[PDB]
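> Following this line is coords_19.csv, made up of CSV, C-alpha atoms:
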```csv
chain,number,residue,atom,x,y,z
A,26,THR,CA,2.3,-8.1,3.6
A,27,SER,CA,-0.3,-5.5,4.4
A,28,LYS,CA,-0.8,-2.1,2.7
A,29,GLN,CA,-3.1,0.7,3.7
A,30,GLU,CA,-3.7,4.2,2.3
A,31,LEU,CA,-5.6,7.2,3.6
A,32,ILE,CA,-7.2,9.5,1.1
A,33,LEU,CA,-6.6,12.9,2.6
A,34,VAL,CA,-8.2,16.2,1.4
A,35,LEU,CA,-7.2,19.8,2.0
A,36,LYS,CA,-7.9,23.2,0.6
A,37,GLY,CA,-6.1,25.3,-2.0
A,38,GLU,CA,-6.2,28.5,0.0
A,39,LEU,CA,-2.5,28.4,0.9
A,40,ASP,CA,0.5,29.9,-0.7
A,41,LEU,CA,3.3,29.2,1.8
A,42,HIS,CA,4.2,25.9,3.4
A,43,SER,CA,1.5,23.2,3.6
A,44,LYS,CA,0.4,22.1,7.0
A,45,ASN,CA,-0.9,18.8,5.4
A,46,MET,CA,2.6,17.3,5.0
A,47,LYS,CA,3.5,18.5,8.5
A,48,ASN,CA,0.4,16.9,9.9
A,49,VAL,CA,1.4,13.4,8.6
A,50,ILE,CA,5.0,13.7,9.9
A,51,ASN,CA,3.7,14.9,13.3
A,52,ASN,CA,1.2,12.0,13.5
A,53,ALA,CA,2.9,9.2,11.5
A,54,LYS,CA,5.9,9.8,13.7
A,55,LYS,CA,4.2,10.5,17.1
A,56,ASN,CA,2.0,7.4,16.4
A,57,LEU,CA,5.0,5.2,15.5
A,58,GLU,CA,6.9,6.0,18.7
A,59,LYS,CA,3.6,5.7,20.5
A,60,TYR,CA,3.7,2.0,19.9
A,61,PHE,CA,7.4,1.7,20.7
A,62,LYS,CA,7.1,3.7,23.9
A,63,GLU,CA,3.7,2.3,25.0
A,64,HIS,CA,4.1,-1.3,23.6
A,65,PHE,CA,7.9,-1.1,23.7
A,66,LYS,CA,8.2,-2.7,20.3
A,67,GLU,CA,5.4,-3.1,17.7
A,68,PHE,CA,5.2,-3.9,14.0
A,69,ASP,CA,3.8,-1.1,11.8
A,70,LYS,CA,5.3,1.5,9.5
A,71,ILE,CA,3.8,4.7,8.1
A,72,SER,CA,4.4,6.8,5.0
A,73,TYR,CA,2.7,9.5,3.0
A,74,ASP,CA,2.8,11.5,-0.3
A,75,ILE,CA,1.2,14.5,-2.0
A,76,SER,CA,-1.1,13.9,-5.0
A,77,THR,CA,-1.0,17.2,-6.9
A,78,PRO,CA,-1.2,20.5,-4.9
A,79,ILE,CA,-4.6,21.2,-6.6
A,80,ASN,CA,-6.1,17.8,-6.1
A,81,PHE,CA,-5.9,15.4,-3.1
A,82,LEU,CA,-3.4,14.0,-0.6
A,83,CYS,CA,-2.1,10.4,-0.9
A,84,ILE,CA,-1.2,8.7,2.3
A,85,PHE,CA,0.4,5.3,2.2
A,86,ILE,CA,0.8,3.6,5.6
A,87,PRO,CA,2.8,0.3,5.1
A,88,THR,CA,2.1,-2.2,7.9
A,89,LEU,CA,2.7,-6.0,8.2
A,90,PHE,CA,-0.4,-6.4,10.3
A,91,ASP,CA,-0.5,-9.2,13.0
A,92,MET,CA,-0.6,-7.5,16.4
A,93,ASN,CA,-2.4,-4.3,15.6
A,94,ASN,CA,-6.0,-5.4,15.7
A,95,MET,CA,-6.8,-2.3,13.6
A,96,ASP,CA,-6.0,0.1,16.5
A,97,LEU,CA,-3.5,2.3,14.7
A,98,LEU,CA,-5.7,3.9,12.0
A,99,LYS,CA,-7.7,5.6,14.8
A,100,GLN,CA,-5.2,8.5,14.8
A,101,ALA,CA,-4.6,8.5,11.1
A,102,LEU,CA,-8.4,8.6,10.4
A,103,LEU,CA,-8.8,11.3,13.1
A,104,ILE,CA,-5.9,13.5,12.0
A,105,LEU,CA,-7.0,13.6,8.4
A,106,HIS,CA,-10.7,13.8,9.2
A,107,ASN,CA,-10.4,16.6,11.7
A,108,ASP,CA,-8.2,18.4,9.2
A,109,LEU,CA,-11.1,18.6,6.7
A,110,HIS,CA,-13.7,18.5,9.4
A,111,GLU,CA,-13.5,21.8,11.2
A,112,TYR,CA,-10.6,23.6,9.7
A,113,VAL,CA,-7.4,23.6,11.9
A,114,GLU,CA,-5.8,25.9,9.4
```
Please go through the file and, once you have read it, give me the structure as structure tokens.

Amino acid sequence: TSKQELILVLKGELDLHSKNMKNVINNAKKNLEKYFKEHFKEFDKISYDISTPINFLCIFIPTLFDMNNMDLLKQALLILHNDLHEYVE
């Protein structure tokens, strides 16, 4: 029903394992359970993908939307932002 995507952006100064993908799995997962552990049972799924190693990241968070009130992207927008904000590399 509802579809959302977060245009991530990293750097090409890496040549061994990308923390980007690991950042989504750590968040998309931690966030998911966060709703299941805090709210017991919610309604929202998260996914991600890589758009060329020398271009940009393509995040695709699939959510039905209904009882979220736009309070789940706070972590997604922060994780990606902080990633390209300071460095965290």
> Which distance in Å separates atom CA of residue A:41 and atom CA of residue A:98, to one decimal?
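Interatomic distance, atom CA of residue A:41 to atom CA of residue A:98: 28.7 Å.
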> Taking the point (-0.3, 5.6, 0.8) as given in the file, collect each protein or nucleic acid residue that comes within 10 Å of it, counting all atoms listed in the file, and present the set as number ranges by chain.
A: 28-33, 71-75, 82-87
> Between atom CA of residue A:104 and atom CA of residue A:56, what is the distance, to one decimal in Å?
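It comes out at 10.9 Å.
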> One number please: atom CA of residue A:100 to atom CA of residue A:46, in Å, one decimal.
15.3 Å
> Calculated over only C-alpha atoms, which of the candidates A:51, A:43, A:27, A:107 has the smallest distance to residue A:70?
A:27
> Given the choices A:102, A:78, A:69, A:89, which gets closest to residue A:45 if the distance is worked out from only C-alpha atoms?
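Of all the options, A:78 lies closest to residue A:45.
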> Given the choices A:35, A:79, A:101, A:95, which gets closest to residue A:57 if the distance is worked out from all atoms listed in the file?
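Closest residue, counting all atoms listed in the file: A:101.
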> Restricting the calculation to all atoms listed in the file, which member of A:34, A:111, A:97, A:103 is positioned closest to residue A:60?
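Result for the nearest residue to residue A:60: A:97.
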